[PDB]
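First, one chain by itself: the form deposited in one PDB entry, in structure tokens.
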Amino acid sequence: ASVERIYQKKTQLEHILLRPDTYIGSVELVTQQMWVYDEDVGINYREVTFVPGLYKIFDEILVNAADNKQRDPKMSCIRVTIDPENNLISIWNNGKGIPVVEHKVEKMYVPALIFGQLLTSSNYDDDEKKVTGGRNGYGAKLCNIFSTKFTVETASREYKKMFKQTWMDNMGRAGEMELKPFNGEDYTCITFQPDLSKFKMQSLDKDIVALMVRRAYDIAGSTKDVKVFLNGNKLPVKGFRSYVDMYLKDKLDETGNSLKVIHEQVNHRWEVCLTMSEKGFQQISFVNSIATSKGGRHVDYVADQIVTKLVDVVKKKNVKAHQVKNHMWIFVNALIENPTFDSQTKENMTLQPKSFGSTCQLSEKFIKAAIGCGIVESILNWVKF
């Protein structure tokens, strides 16, 4: 047992491949109940088996595409294609492309820099209060590292050029940089082959495809003025309200009545829905289109208002906060300035509300409509005993 074998130093790439968990999530198979979109039945809540890391390297490129809408408000469309046979995933989007020019500081072209070098980002200047999802300068490079082949193509009409380059073998080598004269509609397309040996999978199977499809529906439902192609098929989502309705299409509660939905778009950065939950406290939230599956201070900031109001109400007619919360199923779509998270996977948004860059005070009509639901009634019937 020599010292040189015991104590080792790893490069950034070696550490990412050796310890992928804090970067992309688990690289082992997980079986858990998730919301998916199947070909025949659409949105459904079913138990799925999948590798979180593969799903996450898909989510990174998708959220980058969504952030380009914040970068260029004239962007209108995303196009996602998933071909399991050839193991090929493409994410394309319109709007301003990446500047095709040499970086005077790092001495390489900008797409090569921000797709083949770790810790590269346009979000490192926090004096700019951005509502994009990207924060750390990892996601695209992480998807590159966990792919066998990874091609980036982007066209800039301002620079009148088009860039295309390919990385291979877990970002261990790069192909030929192809530059061509360009003068048409700006676009960005990322096409990658997931390294299924890193995830111990044979091919892109059904569960992972359904999860990716539901993620495309999420992007269609959380962004503004964006249509989403999926294998050339548009996603019929017109607003966060219709997206939320996709989850509760005439689904009844345990007594037989249709679930009552209380909805309000508070402002240009917050849209909230609330309904009854049988499975305890549920939340489906988005921060800058990022699916925050663990929630965060935005969800707390929205839900604690309802909780305090209902607690005061039930105190009038005579209680714990968690009892009120466990009957709530809340949907939040929020745009937060320079959000912080627990990890690269960004499942828990930890930014304090004072730094949100916006507010989300619920209207008195929304609050009164929340009083009308059977939450207060059930809790008041509880407190009697």
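Definition used throughout: the rigid core is the maximal C-alpha set that superposes within 1.5 Å between two forms. The numbering used is simple: start at 1 and walk along the sequence shown.
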item	value
Flanks modelled, residue 257 absent in at least a third of other entries	yes
At least a third of other PDB entries omit residue 319	yes
Unmodelled deposited residues between residue 318 and residue 319, binned	4 to 9
Of 102 to 110 and 133 to 141, the one with larger mean CA B-factor	102 to 110
Stretch with the greater mean C-alpha B-factor as recorded in the entry, comparing 337 to 345 against 54 to 62	54 to 62
Largest Cα B-factor, entry values, listed residues 251, 215, 268, 298	251
Among modelled residues of the same chain, the CA temperature factor third for residue 332	lowest
Residue 362 CA temperature factor, ranked by third within the chain	middle
Among modelled residues of the same chain, the CA temperature factor third for residue 304	middle
Ranked C-alpha temperature factor of residue 286 among modelled chain residues, by third	lowest
Where the record places residue 70 (Cα B-factor, split into thirds across the chain)	middle
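Absent from the display: the form deposited in another entry. The rest refers to it.
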query: Which of 200, 107, 160, 279 is displaced between this form and the one not shown by 2 angstroms or more at its C-alpha, rigid core aligned; finding: 279
query: Shift of residue 327 between this form and the one not shown at or above 2 Å (CA, core fit); finding: yes
query: Residue 231: Cα shift of 2 Å or greater between this form and the one not shown (core-aligned); finding: no
query: Core-aligned C-alpha movement of residue 128 between this form and the one not shown, 2 Å or more; finding: no
